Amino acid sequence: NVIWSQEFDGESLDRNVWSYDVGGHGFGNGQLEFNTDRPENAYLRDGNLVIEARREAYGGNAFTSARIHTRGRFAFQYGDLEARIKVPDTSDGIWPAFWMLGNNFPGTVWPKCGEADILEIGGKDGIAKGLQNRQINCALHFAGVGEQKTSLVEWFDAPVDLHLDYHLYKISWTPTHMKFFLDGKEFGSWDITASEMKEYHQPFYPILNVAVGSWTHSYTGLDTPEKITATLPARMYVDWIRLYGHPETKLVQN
C-alpha cells in the first residue's frame, strides 16, 4: 500500500519535495566531495534519479557530488521505506548511502535526533577483504544510556556485486523494531522499545548521497584525493523510493 513515493519520472528533481545539503566541509566524516545543487551532480533521466560524483575542482574540493533529503516536505513514523538503487562501483573511495534522520534535526543535535542507515557501502573493511561491492551495512546511531553516542552496526556480504544491477534496499519500522532488507531478505534487526531509544518513535525523513572518501579512521579509510582510485564519474541510479504504509503510520507532508 504505497502512500508516498518518488518515481523520478520528470526531467528535473521536484524542489517541493527535495532539498540540497550544500558544502564541502566533510560533513563530520572528513568527506572530500563538495555537495552541490547543480544538474551535473543530481538530475532525472529515463525514470531515474542520478546522483553523480565527479573528479573536479570545485569550491576548494577535488570532487563534486550531491546529498539530498526531504526534511520539511516529507517525513513519516513507522512503515516500510524501500528504494530501488543501482550503486556505482565503489572500487576504493566511493561511499553511497541511503539513510534517515529524525525530523527534529537539526534543532535537536546529532545523534539525539536519531539516525537510521538503510544502505551504506564502500567501507574500508570491504576494501581490505576484497568485497568492495558486496559488503554493506545498516546502522542505528542515537543518544543512548547517559545521552551518549551509541552505534549499532550490522554487516552483510551480498552474494552478488550490487553495482551490476538495481537492488531493493528497505527498512521495516514498527513500534517494536527496525529491520533492514536486501531484496526482501532481512540482514539487520534491532528492538527499539528500550527507554533509551525513544528517539525512534518520532517522524524521520530519508536522505540520499554519494560521498567520496573520509578520514582514515572513518568509513572509507581514504582521506586524500590521490587515494581515491574509483571510476569517476560515479553514478547512483535510483529508480524509485516508496513508502508502504502500516496501520500505525503517521505521515507528515507540507
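In this text, residue numbers run from 1 along the sequence as written.
Note on 192-200 vs 207-215: mean CA B-factor is higher in 192-200. For the pair 220-228 and 22-30, the mean Cα B-factor is higher in 220-228. When all modelled residues of the chain are sorted by CA temperature factor, residue 99 is found within the lowest third. The deposited CA B-factor of residue 80 belongs to the lowest third of values across its chain.
Ranked within its chain, residue 164 lands in the highest third, by CA B factor from the PDB record. Split the chain's modelled residues into thirds by C-alpha temperature factor. Residue 69 is in the lowest one. When the modelled residues of the chain are ordered by C-alpha B-factor, residue 89 sits in the middle third.
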